[PDB]
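Engineer: Need a 3D model of the sequence below.
(2 chains, ligands or ions: 4)
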Amino acid sequence: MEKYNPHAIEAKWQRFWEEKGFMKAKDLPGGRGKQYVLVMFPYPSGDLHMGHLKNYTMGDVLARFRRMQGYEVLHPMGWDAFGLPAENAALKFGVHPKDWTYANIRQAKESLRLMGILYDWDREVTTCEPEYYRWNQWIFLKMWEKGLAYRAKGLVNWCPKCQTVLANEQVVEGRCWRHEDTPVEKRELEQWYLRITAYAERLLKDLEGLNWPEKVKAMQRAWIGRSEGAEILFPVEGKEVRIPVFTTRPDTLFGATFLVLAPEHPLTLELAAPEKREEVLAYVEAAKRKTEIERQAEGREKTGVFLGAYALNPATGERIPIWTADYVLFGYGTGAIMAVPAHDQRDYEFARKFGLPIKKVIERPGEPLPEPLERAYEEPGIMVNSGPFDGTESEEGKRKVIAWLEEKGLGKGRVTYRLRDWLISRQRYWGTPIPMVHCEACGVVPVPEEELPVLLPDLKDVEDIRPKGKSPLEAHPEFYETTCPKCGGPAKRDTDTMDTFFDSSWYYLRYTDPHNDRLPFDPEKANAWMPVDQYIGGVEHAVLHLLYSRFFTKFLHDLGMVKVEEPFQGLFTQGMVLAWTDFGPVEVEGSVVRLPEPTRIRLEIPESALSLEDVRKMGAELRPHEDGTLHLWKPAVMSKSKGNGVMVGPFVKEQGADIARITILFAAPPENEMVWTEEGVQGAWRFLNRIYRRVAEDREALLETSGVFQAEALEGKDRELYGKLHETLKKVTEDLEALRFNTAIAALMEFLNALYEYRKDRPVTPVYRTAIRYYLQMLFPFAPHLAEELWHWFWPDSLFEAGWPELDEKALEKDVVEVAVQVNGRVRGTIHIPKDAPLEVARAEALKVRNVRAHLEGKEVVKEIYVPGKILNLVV
RNA sequence: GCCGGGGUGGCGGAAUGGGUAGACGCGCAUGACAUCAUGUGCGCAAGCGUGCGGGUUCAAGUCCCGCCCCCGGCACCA
Ligand SMILES: CC(C)C[C@H](N)C(=O)O
Ligand SMILES: [Hg+2]
Ligand SMILES: [Zn+2]
Ligand SMILES: [Zn+2]
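Structural biologist: Numbers count the residues shown, from 1 in each chain, chains lettered A, B, ... in the order given. Ligands and ions are numbered 1, 2, ... in the order given. Take a look at the structure below.
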C-alpha cells in the first residue's frame, strides 16, 4: 500500500485550481447570493513565514467553504506598496523602492501559492502604481471641493527616524508606530489635513449596530471620545477679545477663580505682560521641546506660569488671573479652561500649589462640606454662592446656566470630540503626490481633474530620494516648476505626499472594479459586492485603518458612489503566531541557573540568577546546544527581528502545505495566540496520514461500492455511523460559519477515529462510502490538496463543484442514549436506555448497575428526578 | 484609576435555555515490525477536584452576593 506523499500531489493541484479559475470573482454577483472574504493586504517588506500565513489561510478556508456552498465568492489580494513601510525597508538595504517592491511581491505571491491559497488575481492592485494612486488624488480633490481637506499651521509630531510628520493615530505609547523606541517631537509646520472630525458624530453613532469585536468598538468609542458640555466666553480685561473655554461642568461657572491657556495657545503670548514675557516665552520653548515620554516622567506634578493679564468672569463679573500651564492641551476643546479648584482635583491641586483662590459653589447633600476644603468635590450637589441659581440642583443647573449663557451671548452648549483631524501629508518620496499647486496671485489652487494623474518624479539616485528633514521632491524643479491652471502664471506643485494609510482606506472598494480608468470604481460594481462580509486581520489597526476606512466610506457614500456606510460588516481578528526562541547560553549548577549578561538582557528581566523552577514557571526550558552548552528557550513572537520565523518556502519543501495549514488552524482558537511548534507539525502529519490510509486501504473496496441507500432502512453500526456523520457535519458546518476552525477540525479528527472504529466490525458499506464522500468535502477547506486527491480516486470533477453536504436533521435524533445515574448529587454510574424510556424503565435498569453501586448507597430514597436526556437522581 | 477580555489537567484547549467537567490534539506510560493499539485530572487510599469565600438547588464551570489575580488599550480631554 502506497503512502501520503505531499510533494507528489500538492503543487499539481495548485496549478489545477489556477488553470480552471475557480476563485475568479464574478463581475456582478447573481442571485445565488455572494460572500466577500477579505484579509488586510500586506505591506510588501520582507519574506513571508508561518507567522504571516495564519490570516491568509483563514481567509482561504472561509473562502473555499463559501464557494463550495454556492455563494459567488470574491477573495481578492493586492499590495500596500506606497508609504513608509516599504520605503523604510528599501532604505535599510540601499535599494530603490520600485525595485524592492516588485521583488518583495514576487516572493510573496510565491509563498501564498505554495500554501495552496487561491485568489482572483485578475483584481490584484498595487498601490504605488499610477494606475491606482491616480484615484488617490481624484478622491483628494473631491474632498477639497467639499472642504474636508485643507492646510494649516500648528505643532505637528515629528519622527526623527522617519524624518517626517505623523498623524496622532500613528503615535503609540508616545512613540512612532513603526519605531517603538524612537520618541516623537513637535515642530511648527503647515501641513495638509483631512477634516475627519466632520464625521465624528456618525463614526461614533454608526458603531452601535455594527457587529465587531467588542474590544475594537470600545477603542474607537474612546478614541473619538464624545463629550457634551458648554463653551463659555471670558472677556479679557480692557482688551476687546474674548476667550472661549470648554466645560462639562458649567454649573460651577461662579466658582471659576482663574483661566489657563495652553502654552501653544495664541493668546498665551499676545496677552503675556512685558514684565512676564521673558518667562512665558521661556516656558513655551520648554513645553514644545519636552515630549510624551518626558511628560509622563514628571508625573502629575502641576506646573504653570502667570500671564500677567486678567479676565472677567462672565458670571460674578469680577476679575480672575490668567495663567498658562502644560496640563491643559491646545489640541482639545478650546485649549483654554475655567479653573474651578473647588470641584476638580486637577484645578484644585494647581490652585493649592500656585497660591490661587478656591471658591465653593456646589454644596454636598446632607453632610456639609468641611471648611476649609482640603480636596475637591466633583460629585453633584446643591448650588450656592452662584447668584440667582442658588439652591438649584447640580444637574438641572447645567442646562439652566447654559440656557442663561445662550441668552446674554456669553456662551453656548457645545459638544467637542477627542478625535483630532487627520494629518495626511508626508515629506517622503515614496508616496502619492498631492494634486495641489501654489500660485502667488491665486494662492493654493487644485489641479484639474482631467489633468490627473500627477506622476512622481523619476529618481534613480538612492542617496537622493532620502529624507533629511524636507521633502525629497523639494529638490527637483523639473517637477514643481509648473504653471497655475487658474491664471496662467508661474506656480509650484506641492512637494508633500499622501500618507500610506490614505491609499489603504478604500482599496477594498477598488477590488470590485480594479481596471476602471473613469472612476476609482463603478458604483454599480462596488454595491454588488460591498460590504465586506468578513475582514480577517489585526487589532493594532483599531484607531487607524479601521477608523480612516469608515470615514472614507462615509464620505464616498456622501458622494453617492457607495450605498453602504460601514465597509466591513464582519470583523474577525487573529492572534499572533509564536515560536520557541533561543535566548542564549546559561551556566546550570545544581538547582541554580546563573544568567550571563548577554542572555539576561534578551530575557528583559532584572534577575541574573534563577532556579530550575523560575524557568518552568515563566514558561521556559533549558535545552542542549550545538556549542556544547545549555540554552534557555522560551516562546516569542515569530518575527524577522527575533530571527525565529518559519519560512514558508523552505518548510513547504521539507514538509508540505496542508501540513502547515492543519498546524496553524488547529493550534488554538484563531482569536487567541498560538505557538507554532515541532510537536504540532507532527500531529498535522499524523492526522493527514491516517486520513490517507483509511481511504487508500479501501480504495479498491470503495471503487466497486455504491453510495446510494435508504436512510431509514438503516440499522446497526451503519445506522449509528450515519448519525455520527451528520452529527459531525453539523459541527463542522456551524464552526466554519462562526470562524471557529480549531474545533471545526477537532470535530473532523473525531469522526475520523469514529470511522476507524467502524471498520473493525463492519465492511465498506454504502453508508460508509457516503461517509467518505462527505468527509472529503468537509476537508476541502483545511486540507484542499489531500482532499482533492482522494476525492478523484472515485469522483470526476473537482471538489469545488461538489457543493457542501446537506444536513439531515432527522438523523441527529437519538435512540438509546447513555444516561447517568446519580444519587444525592454524586454520579454513581451510567445506564443505556432509550431517550423516552419511562422513569420505571430507567429506575429498573439502574438498580443493577455494573457494581450495583446505586445500591451500595441507595437504601432509603425519598424523591427521584428523571430527565429523559441523560440523568436520573435518587434523593436518599 | 478607567475601559475591554479572561482565570478549567503536565500543555493548547472543549463543555454554559444547571443535568456523567476535561471533547480533539500534544506530552507521558505499556504492548507490536518511526508507525499502530490501549491507558492517562489529583491522591496508594479513604476521598478531592473548573481563581477565593459564602449562598441557592436533588444537581453549580454554568445562577446570586462579596473579593483576588493576569493580559490588552488609554492615561491630567476640563
Ligand atoms: C489593510 C492594511 C492597513 C493592512 C496593513 N498594510 C498591514 O499589513 O498591516
Ligand atoms: Hg509602483
Ligand atoms: Zn518613524
Ligand atoms: Zn494663478
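
Engineer: Past the longest strand anywhere in chain A, which element shows up next along the chain?
Structural biologist: With secondary structure taken from DSSP state E, chain A has its longest strand at strand A:578-589. Proceeding N to C from strand A:578-589, the next assigned helix or strand is strand A:592-594, under DSSP states H and E.

Engineer: what sits against the closest residue to RNA strand B within the stretch 51-200 of chain A?
Structural biologist: Closest residue of the stretch 51-200 of chain A to RNA strand B, Cβ to the nearest atom of the strand: residue A:172 (4.9 Å). C-beta here means a position set from N, CA and C on the backbone, and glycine is covered the same way. Neighbouring residues of residue A:172 by Cβ atoms under 8 Å, 6 or more residues apart in numbering: residue A:180.

Engineer: For it, give its distance to residue A:166.
Structural biologist: Going from residue A:172 to residue A:166 by Cβ to Cβ, to the nearest Å gives 10 Å.

Engineer: Can you list phi and psi of the residue of the stretch 51-200 of chain A closest to RNA strand B for me?
Structural biologist: Dihedral angles of residue A:172 (phi, psi; degrees, to the nearest 10) stand at phi -90, psi 130.

Engineer: and the strand or helix carrying residue A:720, how far out from the chain's middle?
Structural biologist: When elements are assigned from DSSP H and E, residue A:720 belongs to helix A:717-738. Offset of helix A:717-738 from its chain centre (Cα atoms, centre = their mean, to the nearest Å): 33 Å.

Engineer: so, in contact with RNA strand B or not, the next helix or strand after that helix?
Structural biologist: Per DSSP H and E, the first helix or strand lying C-terminal to helix A:717-738 is helix A:741-758. Yes - for helix A:741-758 and RNA strand B, the contact criterion (Cβ under 7 Å from any atom of the strand) is met by A:742-743, A:745-746, A:749-750, A:753, A:756.

Engineer: which strands and helices sit next to the longest strand of chain A?
Structural biologist: strand A:592-594, helix A:597-602, strand A:621-624, strand A:630-637 (3 or more Cβ pairs under 8 Å, 6 or more residues apart in numbering; DSSP states H and E).

Engineer: 6 Å instead, please
Structural biologist: helix A:597-602, strand A:630-637 (3 or more Cβ pairs under 6 Å, 6 or more residues apart in numbering; DSSP states H and E).

Engineer: ok, which stretches of the stretch 251-400 of chain A are helices?
Structural biologist: A:267-270, A:277-287, A:292-298, A:345-353, A:394-408 (DSSP state H, counting those that start in this stretch).

Engineer: ok, is the second one in contact with RNA strand B or not?
Structural biologist: No - counting by Cβ under 7 Å from any atom of the strand, no contacts exist between helix A:277-287 and RNA strand B, the nearest distance being 9.6 Å.

Engineer: Show me the contact partners of that helix.
Structural biologist: A:263, A:272, A:305, A:326 (Cβ atoms under 6 Å, 6 or more residues apart in numbering).

Engineer: If we use 10 Å, what do you get?
Structural biologist: A:155, A:186, A:261-265, A:268-269, A:271-273, A:276, A:295, A:303-309, A:323-326 (Cβ atoms under 10 Å, 6 or more residues apart in numbering).

Engineer: Out of the residues of helix A:741-758 next to RNA strand B, grab the one that's most surrounded.
Structural biologist: In terms of neighbours by other Cβ atoms under 10 Å, the residues of helix A:741-758 next to RNA strand B top out with residue A:745 at 25 neighbours.

Engineer: And that one, how close does it get to ligand 4?
Structural biologist: Separation of residue A:745 from ligand 4 (Cβ to the ion, to the nearest Å) stands at 65 Å.

Engineer: which non-adjacent residue is nearest that residue?
Structural biologist: Nearest non-adjacent residue to residue A:745, counting by Cβ to Cβ, 6 or more residues apart in numbering: residue A:666, 4.6 Å away.

Engineer: Could you measure from that neighbour over to residue A:117?
Structural biologist: 17 Å.

Engineer: same check, this time on residue A:52
Structural biologist: From residue A:52 to residue A:117 the distance is 11 Å (Cβ to Cβ).

Engineer: Neighbour count for those two, which is higher?
Structural biologist: Taking other Cβ under 10 Å, residue A:52 and residue A:117 do not tie; residue A:117 has more neighbours (26 against 20).
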